[PDB]
Undergrad: 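Got a structure here, written out as structure tokens. Questions coming.
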Amino acid sequence: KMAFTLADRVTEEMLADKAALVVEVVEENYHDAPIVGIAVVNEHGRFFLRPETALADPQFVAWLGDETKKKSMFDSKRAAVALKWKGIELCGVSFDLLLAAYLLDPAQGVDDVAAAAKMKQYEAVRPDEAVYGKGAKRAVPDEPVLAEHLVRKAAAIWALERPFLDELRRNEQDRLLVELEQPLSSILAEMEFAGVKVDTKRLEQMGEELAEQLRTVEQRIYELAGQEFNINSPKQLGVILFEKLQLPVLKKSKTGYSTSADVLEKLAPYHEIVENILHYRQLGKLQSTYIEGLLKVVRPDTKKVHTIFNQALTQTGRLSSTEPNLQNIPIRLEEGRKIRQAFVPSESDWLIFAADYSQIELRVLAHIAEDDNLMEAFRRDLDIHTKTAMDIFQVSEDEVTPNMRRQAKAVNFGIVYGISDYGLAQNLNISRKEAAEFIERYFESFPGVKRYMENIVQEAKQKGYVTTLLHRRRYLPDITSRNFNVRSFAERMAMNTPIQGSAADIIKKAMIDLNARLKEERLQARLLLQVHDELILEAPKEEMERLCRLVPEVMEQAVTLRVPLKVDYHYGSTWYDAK
DNA sequence: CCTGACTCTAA
DNA sequence: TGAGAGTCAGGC
Ligand SMILES: [Mg+2]
């Protein structure tokens, strides 16, 4: 039973200039969510404060907002945002244990203080799940149990700062935490708090039109099946397709017959039901995920969505977005793309501005591999897909057919995402053998990329990990494995992580640089979203001309590589038009 | 109610 | 390739 004071007023000794601070928000989505308790651990002792006491106290609030009063926390964005919703600024967070643990080993899955603490053999803190329960049973416990938990977390943070900072420094990652991930966390908190405005009326009428289309196609499907069934059930659809209608089984899943879109495309010539099922799937995906899904998470009082960015989840250093996920809004097919008409500026006479890197991953690869051919291509700002086709097929530019370019683009995509030869075969509907031939032909044209791929797998084997441009790390113990599939995956991750992770590093740096530049230039423009290689802002219409120059330049100059970086940009009345 | 399987969307 | 989400179905 750890010693602490259950204070019922704030005292001067709670406001020391260095502390471990816990501002506890138990709800998974922390927007406008309750703070259930506060703990402070510092040189003078350990303290628990009730939030209705602490957050109405002027000296405590001034302390929270004083940048010169340093705090160590876990998941400081959660606390910062919950506080933003109460009109209180949190400053001076000089160490975030969540981001520290994430940098030290993203594969650990650290999502509470106890998981971080276990990495340094500190176990005097319970997992959050043990205290709050899980799922339906999730609940805030009685004050004594809650208070001891928060104080134990704060005490762990206080104890663990030094050993985490020492390891970060041995890894050359201390500047990564302090100059990149922590400042980024503040920027993301502002982006989430600002939110993106949604034209719910547009979304609703789209939903009405979709529902009408769904009803028509659903009926057509039952007619063609001679029967009603749940079209959304791959199992029931499987019985209709493969048993009642006797279509060939081209592919199986673990548990049954495949009904994936690519399989269905190949069955379309056998039966009219198939094209109708494909149409149903496309419409139903839009309706259920995009329209019903978005509408459910728009806040009714401001008509905004406030995503939460997970900065401490992916193995590559990429951001993730939830509730809603705004990184997978349709764009490829026009029907789906219209969804983006519903994302609008939050003020009148404002516009949406979007800026994206052009081929950042292959440009990073050019730089890291020093491949002379690939570097020359980007120095000439060539269409990289056409140029790759010309090299692999050994033809002139005017002999590149559309299919040749599509296949080259597929090879390039494979390189950017670290897909296997099986994956490539699958993506191009060709044999594994032919895919191996493509890949081999690629390495003959880009021998420096071949050399990089060989060298980085050996490096991963020797060191145990690979690193990105800004010193992010991914451990790959699977690389040795005697299981071929397990090992091959590890090798692909060794190849791909420095590409994808360096691209992540760059855009994170761009974000930091951009936020600083916007303030220096006294613009009202604000950052709303990041979608891997693009940044989405809204600004007064009078700022567009300046942003057209400023944003690409900041992004382009974020790092200096052996090849240029190139940023394209667009703006308009909705995210759709920012194209 | 919880969890795994299947499908689909983006980069 | 990574992630997030919706839906179903089996086990509870
Ligand atoms: Mg792009």
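Letters go in sequence order (proteins before strands), and every chain restarts at 1. Every heavy atom of this structure was used, including side-chain atoms; hydrogens, water molecules and symmetry mates were not.
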Undergrad: Answer yes when A:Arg363 and A:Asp381 have at least one side-chain N-carboxylate O distance shorter than 4.0 Å, and no when they do not.
TA: yes
Undergrad: Please work out which residues in residues 265-284 of chain A have a non-hydrogen atom less than 4.0 Å from an atom of DNA chain C and list them by number.
TA: none
Undergrad: Could you work out which one of C:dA3, C:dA5, B:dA11 sits closest to the side chain of A:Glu323?
TA: C:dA5
Undergrad: Out of C:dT1, C:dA5, B:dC6, which nucleotide sits closest to the side chain of A:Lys254?
TA: B:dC6
Undergrad: Between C1' on B:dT7 and CG on A:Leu286, what's the gap in Å once rounded to a whole number?
TA: 14 Å
Undergrad: Is it the case that A:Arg473 places NZ or CZ above or below the six-membered ring of A:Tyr465, under 6.0 angstrom from the centre and within 45 degrees of the axis?
TA: yes
Undergrad: Once rounded to the nearest 0.5 Å, what's the spacing between atom CG of A:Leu565 and atom OG of A:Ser358?
TA: 10.0 Å
Undergrad: Without decimals, in angstroms, what is the distance between A:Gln426 CD and B:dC8 P?
TA: 13 Å
Undergrad: Base, sugar-phosphate alone, or nothing: which one does A:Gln500 contact when heavy atoms must sit under 4.0 Å apart?
TA: nothing
Undergrad: Take atom CG of A:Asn232 and atom P of B:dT7, then tell me their distance rounded to the nearest Å.
TA: 13 Å
Undergrad: Would a line drawn from the ring center of A:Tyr442 to the ring center of A:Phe446 be shorter than 6.0 Å?
TA: yes
Undergrad: Please check the phosphate of C:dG4 (OP1 and OP2 only) for any side-chain N or O of A:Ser320 closer than 4.0 Å.
TA: yes
Undergrad: A:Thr322 side chain N/O closer than 4.0 Å to the phosphate oxygens (OP1, OP2) of C:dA3?
TA: no
Undergrad: Can you tell which of C:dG4, B:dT7, B:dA11 lies closest to the side chain of A:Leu313?
TA: C:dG4
Undergrad: Looking for any heavy atom pair under 4.0 Å, which part of the strands does A:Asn328 touch: base, sugar-phosphate only, or nothing?
TA: base
Undergrad: Heavy-atom distance under 4.5 Å between the side chains of A:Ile352 and A:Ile536, does that happen here?
TA: yes
Undergrad: Can you find a pair of side-chain heavy atoms, one from A:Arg281 and one from A:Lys285, that are under 4.5 Å apart?
TA: no
Undergrad: By nearest atom, which of the nucleotides C:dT1, B:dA11, B:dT7 is closest to the A:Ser258 side chain?
TA: B:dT7
Undergrad: Once you apply a heavy-atom cut-off of 4.0 Å, does A:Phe413 come out as touching a base, just sugar-phosphate, or nothing?
TA: base
Undergrad: Measure from CG on A:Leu237 to P on B:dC6 and round the result to the nearest Å.
TA: 14 Å
Undergrad: Take the protein atom CZ of A:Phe343 and the nucleotide atom P of B:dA10, then report the distance between them rounded to whole Å.
TA: 13 Å
Undergrad: Between A:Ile291 (CD1) and C:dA5 (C1'), how many Å, whole number?
TA: 15 Å
Undergrad: Should A:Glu192 and A:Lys77 count as an ion pair when the cut-off is N to O under 4.0 Å?
TA: yes
Undergrad: Taking OP1 and OP2 of C:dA9, is either one under 4.0 Å from a side-chain nitrogen or oxygen of A:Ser233?
TA: yes
Undergrad: So, does A:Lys235 get its side chain near the phosphate of B:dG4, meaning an N or O under 4.0 Å from OP1 or OP2?
TA: no
Undergrad: Starting at CE of A:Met206, measure out to CD of A:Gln341 and round the result to the nearest 0.5 Å.
TA: 4.5 Å
Undergrad: Side chain of A:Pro330 only, please: which of B:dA10, C:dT1, B:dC2 is the nearest?
TA: B:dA10
Undergrad: Students often get this wrong, so: under 4.0 angstrom with heavy atoms, is A:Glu361 touching a base, only sugar-phosphate, or nothing?
TA: nothing
Undergrad: For A:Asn230, report the nucleic acid contact type (base, sugar-phosphate, nothing); a contact means any heavy atom under 4.0 Å.
TA: sugar-phosphate
Undergrad: Over all strands shown, is A:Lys285 touching base, sugar-phosphate only, or nothing at heavy-atom distances under 4.0 angstrom?
TA: base
Undergrad: Any side-chain N or O of A:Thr259 less than 4.0 Å from the OP1 or OP2 oxygen of B:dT7?
TA: yes
Undergrad: Should A:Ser260 be listed as having a side-chain N or O under 4.0 Å from OP1 or OP2 of B:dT7?
TA: no
Undergrad: B:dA10 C1' sits how many Å from A:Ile536 CD1, rounded?
TA: 13 Å
Undergrad: Less than 4.0 angstrom between a side-chain N/O of A:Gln236 and OP1 or OP2 of C:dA9, yes or no?
TA: yes
Undergrad: Check the distance between C:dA5's P and A:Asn325's CG and give it to me in whole angstrom.
TA: 6 Å
Undergrad: Could I get the full list of ring pair (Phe, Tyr, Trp, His ring centres under 6.0 Å) partners for A:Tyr132, not counting sequence neighbours?
TA: A:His149
